[PDB]
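# Structural overview for review
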Amino acid sequence: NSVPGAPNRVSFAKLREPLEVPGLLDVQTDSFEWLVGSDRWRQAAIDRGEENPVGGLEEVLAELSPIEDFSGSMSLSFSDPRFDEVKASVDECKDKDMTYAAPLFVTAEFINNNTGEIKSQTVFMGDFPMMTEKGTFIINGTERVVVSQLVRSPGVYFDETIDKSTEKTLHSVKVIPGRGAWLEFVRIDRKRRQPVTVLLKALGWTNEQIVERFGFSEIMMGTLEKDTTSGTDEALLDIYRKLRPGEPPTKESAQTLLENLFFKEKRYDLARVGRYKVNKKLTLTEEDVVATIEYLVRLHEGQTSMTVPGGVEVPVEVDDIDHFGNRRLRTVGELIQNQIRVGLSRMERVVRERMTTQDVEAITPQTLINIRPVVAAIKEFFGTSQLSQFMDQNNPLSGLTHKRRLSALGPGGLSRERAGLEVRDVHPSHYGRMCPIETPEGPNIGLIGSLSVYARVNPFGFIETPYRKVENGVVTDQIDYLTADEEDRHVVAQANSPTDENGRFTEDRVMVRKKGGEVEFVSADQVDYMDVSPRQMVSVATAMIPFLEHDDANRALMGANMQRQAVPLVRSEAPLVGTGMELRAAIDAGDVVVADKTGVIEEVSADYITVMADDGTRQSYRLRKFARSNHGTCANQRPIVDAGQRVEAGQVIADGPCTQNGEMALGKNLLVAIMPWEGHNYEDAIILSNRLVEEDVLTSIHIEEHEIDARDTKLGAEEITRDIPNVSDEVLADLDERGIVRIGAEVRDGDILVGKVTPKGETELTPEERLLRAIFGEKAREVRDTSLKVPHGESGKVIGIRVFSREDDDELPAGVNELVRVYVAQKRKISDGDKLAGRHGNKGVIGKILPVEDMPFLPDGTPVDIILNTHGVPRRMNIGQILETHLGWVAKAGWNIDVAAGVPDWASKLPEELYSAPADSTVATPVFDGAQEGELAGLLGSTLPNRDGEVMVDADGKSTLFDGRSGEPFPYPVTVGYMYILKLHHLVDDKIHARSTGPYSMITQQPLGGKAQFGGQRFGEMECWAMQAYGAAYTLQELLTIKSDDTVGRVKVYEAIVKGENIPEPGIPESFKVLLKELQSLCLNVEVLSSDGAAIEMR
Amino acid sequence: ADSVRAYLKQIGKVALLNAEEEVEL
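Residues numbered from 1 in each chain as written, not as in the entry; some residues may be left out. Chains lettered and ligands numbered in written order. Part of a larger assembly, values for the part shown. Heavy atoms only, no water. Residues with missing side-chain atoms left out of burial classes, pairs and counts.

As summarised from the PDB record, the model derives from X-ray crystallography at a stated resolution of 2.760 Å.

### A word on the sheet that holds strand β3 (residues 74-83) of chain A
All names here are of chain A. An order of β2-β3-β4-β5 is seen for the 4 strands of this open sheet, with the pairing classed as antiparallel. Because the sheet does not close on itself, it has two edges, and the strands there are β2 (67-68) and β5 (118-129). Alignment of β2 against β3, held across 2 bridges, turns out to be antiparallel. Bridged to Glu68 within β3 is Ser75. Its contacts with the sheet place helix α3 (residues 56-64) against β2, β3 and β4 (101-112), and it is angled at close to 175° to β3. (Pairing = 2+ DSSP bridges. Helix = DSSP H or I, 4+ residues; strand = E, 2+ residues; numbered from the N terminus. Contact = heavy atoms within 4.5 Å. Axes fitted to C-alpha atoms, helices over the stretch in contact; angles between N-to-C directions.)

### Remarks on the sheet that holds strand β30 (residues 618-622) of chain A
The strand order across the open sheet formed by 4 strands is β30-β29-β28-β32 (chain A), and the pairing between neighbours is antiparallel. Whereas interior strands pair on both sides, the edge strands pair on one side only; in this sheet they are β30 and β32 (646-647) of chain A.

### Some points on the environment of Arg571(A)
Residue position: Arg571(A) is located in the loop between α18 (553-563) and β26 (577-578). For the pair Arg571(A) and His631(A), spaced 60 residues apart in sequence, the C-alpha to C-alpha distance is 20 Å.

### Quick word on the pairing of strand β20 (residues 463-471) of chain A
Residue and element names in this part refer to chain A. For β20, the tally of buried residues reaches 7 of 9 residues, placing the bulk of the element in the interior. Across 2 bridges, strand β19 (residues 456-457) lies against β20 in antiparallel orientation. Pairing of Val457 across the sheet is with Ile463, part of β20. Strand direction decides the pairing type here: β20 and strand β21 (residues 474-482), joined by 6 bridges, are antiparallel. Bridged to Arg468 within β21 is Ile479. (Buried < 20%, exposed > 50% of the residue type's maximum accessible area, 1.4 Å probe, protein only.)

### What about the pattern of salt bridges?
Residues and elements named next belong to chain A. In this structure the tally under the stated criterion is 51 salt bridges over all chains. Taking the shortest distance from any N to any O, the salt bridge between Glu487 and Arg433 comes out at 2.7 Å. Placement of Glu487 in helix α17 (residues 484-487) and of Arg433 in the loop between α16 (421-424) and β18 (448-450) is noted, with a sequence separation of 54 residues between them. For the pair shown, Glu487 and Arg433 are each scored as buried. (Salt bridge = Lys/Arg side-chain N within 4 Å of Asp/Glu carboxyl O.)

### So, helix α24 (residues 933-940) of chain A
If you check which residues of α24(A) are buried, you get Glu935(A), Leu936(A), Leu939(A) and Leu940(A). The buried side chains of α24(A) occupy one side of the element, clustering within an arc of 135° when seen end-on. (Arc of directions from axis to C-beta.)

### Re the side chain of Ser31(A)
On the secondary structure map, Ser31(A) appears in helix α1 (residues 26-36). Sequence-distant contacts of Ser31(A), that is, excluding residues within four places in its chain, are made with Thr331(A), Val332(A), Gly333(A) and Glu334(A).

### Concerning the nonpolar core
All names here are of chain A. Counting residues in each nonpolar core, the largest one holds 45 residues, and the members touching the most others are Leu76, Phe78 and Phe128. Going through the elements one at a time, α1, α3, β3, β4, β5, β6 (137-139), α12 (332-357) and α14 (372-382) are the ones with two or more residues in this core. With 8 residues, α12 is the single largest residue contributor to this core. Leaving out residues up to four positions away in the same chain, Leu76 has contacts with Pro66, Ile67, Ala108, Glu109, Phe110, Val351, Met355, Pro365, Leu368 and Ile369. Of all hydrophobic cores here, the second largest spans 37 residues; its members include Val532, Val538, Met544 and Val927. (Core = buried A, V, L, I, M, F, W, Y, C linked by side-chain atoms within 4.5 Å.)

### As for the environment of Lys119(A)
All names here are of chain A. Here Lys119 is to be found in strand β5. The class for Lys119 is buried, based on a relative accessible area of 15%. Not counting residues up to four positions away in its chain, the partners in contact with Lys119 are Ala108, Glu109, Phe110, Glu361, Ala362, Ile363, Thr364 and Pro365. A distance of 2.8 Å separates a polar side-chain atom of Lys119 from the backbone oxygen of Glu361. (Polar contact = N/O pair within 3.5 Å; in protein donor to acceptor, adjacent residues only side chain to side chain.)

Pasting the structure below:
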């Protein structure tokens, strides 16, 4: 709706969206456009707000300018940052393994105060990685995402903790800056035993001022009365030895210590967040450190209002660190800014010192500037940083939620292990800002969350939510974005409250949220603002669960997580029963092709689509075709338009991997039967119609990337070649001249992809080997065979080949002559052992797939595709999955009213224009206003036919299925319908592993785990416990000796199995021999003694 | 606490020579 080509999907929503969903990729683009400060951000901050917009880059550049040594004789000044056009295109970078970047330029002015000369020089800072339209970065060729971090905003926050002993009240205040040491009430720099009074005198304030300013504070006088410090300089000395123990002080150092620590701007960093927080709540000013202690004493006393001695009144109350008013949220632009600031300060060090030893008047902006640390900050931020992640793409939805994710971990925030469950719990202020229903199930719960649908980030880093202000029981069209602080100020009316004519309060009383937040029921009298719509609190994926309101938050969370876990199917059918978001989540993802100008289609090819605008301009779009995604899913796109077609701006020209006709399709609509069936679908297992194989409905493609390089070796140069030292001409049968597999070839496990060879010697062949050489006349070849073969358990067709050669100009790291990448792809039929699931958190493996002949089949002879077990459903509170199973049948078979004569009672509340839909029409039930139970039943009866006028499902959503095995009907009516089930990225082909012998570890001889290494299974501590409880000594010994660590015994056992002899006696585990050696290296003398003869030697 | 702080404390206890003493030594 409101989207030009939007498909027709009827909604049961009884409300009207007053506000379109904002562009939900915005959080990434705005943060970056602020950092680079392009005119797009300029106009934004000019047309509203402050009149001197300072880009993030300029903002950190103001801090540097100027650079002046202690002499002030020279000053190096910076200004005017500039970017050139991007080096290469995104597509070019992903291919060539480079990073998408614009070179940055700066004007550096060096001034000599003695000679009054000026030297102006243009400076090259480095290639500054830019952000794609899609909100990502290309770093060394891989698409990456910078997640936004949650942090404690700089400010003064007070906490009241009851005494562990006396039970008496205590505060306990803290002040956290942008940078510099932190203080707590004066406990400073983690130095206890500090009275808050001794420092108040350290500034030079005499005691009478204490008695004057302290006033009503009793412990304020008793602390100075107990404190033995006499004089302002003597207190600085009691502060000097606690802060700087080991250094005898000086009156010059005693005074500047306090001044330099906080007041001085260089050492103590005033934050715009901190500067704004406390300035209203009450660099660092002496005025500010007094108001701190004043606020505190007037807290423990119990008064709610503090009027500063010269200041303005504010409430005196405790602060909550989990309240979003106090919690940001450093966005990507800022995370980059901070890393740039670090790079400059490291350069300022070399700029300052450089001035001293450089011959004066021979120094220029360049000679003082060395850019190594500045670019290193950026490069070392995108790599190795936890906030910079490889974009998660198996489907557009996964990518779209990766951006919009906010996590509390990372540098500048708490560690995952330390933070308690108080931060993980949902706060009342998360409403409409951070989705409560979406987080990881692992022990990241509550630390990671996704930004809500209508949420929006503030220039200061606080999340805002849209509201519609109400005045005198009338809700206006005014929409005001409020932060958490200003939301606690007012009364938020519930999103759905009855609307009156031109609009006003209808219901006698209004649903409202207080500042508790504590819910309340008051009449229309006292309201100020109302909710923009239901699902403000919900996130994008959460908003995609039909009948969300019917599923417990537990199964909902699982449901959201698993949608982003699905994989694009070849066919990509859209959900029969949807919600609002499917349309707008797919376009905002960027994996769909949208037209930016109204016009008409000149050409449509599988390769590209051109449109002739009414503007006379010509736009074209190249289609992503079978592109391998980060985790190996398929990004293939298909055009949905035809040559003659007219089109409008913002319409959808081509479908992406998971989309159909513009809306997200994460799965297929399947005919479901909820009976338990012969113990096959049991304990969450699922059974499938073989139809889903024959007709490729659950089929999906997959693409693997294989890589090999030819480098320079101390003994020669590696050469890619077709000549392999020992092989039959058969293995080479699929290799071309150069020795790389031919396009379109079929490759099995162990087949050669790229032949390679490396020098070897001196060889010293075994005599038994040199004799066969003489006999069969095959010269021992000069070089070893190191060649690229396909990993165990993999297979497919060769799709494409990429070759980078040093002979060709190309490019490569030093030593690497030639690089060849091979892309293998395969069609994966839905297979027993694959994992499927619905949007409600219902998941299970495929346990069996039956011939379409024997399956529960409707009276039509229409077989059911899936049989889901009845037992898993009732106890899990996911019953929404049964609703959509019913609606699924409705939407598939169509229906009619219900009229005439009149409209029935249930439809009165009311389906509008919904009275009739044809067969196969698609439905939408927005989460928190969907279809309602009454409306389901009324629809459940409707409508024939299969073809013949007979009806296949009753008003209970049940049918009589015939067993395709015995041919007799099933005694009772069974529920059938259509359910939307997704194919998930856990697949049997990837998860099946087996090993007999294989590589062993270097230091320990144990087999090395993981499929890459062909590894074995870990038999762990707990497994050995189980083995010991059984009393199997020989089994336990075996697993721990000749099956892992025993270097002679593992080769003997093999020798025994192949000769059918008895399995020999085990030896000593190599790991134990290693332990003795490691204890010896600690100067621990560890001797293994027998009964005697005393010491035994391990050798 | 720090090892470099420890070494600076001791080298600080000596006194800087002027030109005449350096010649003397």
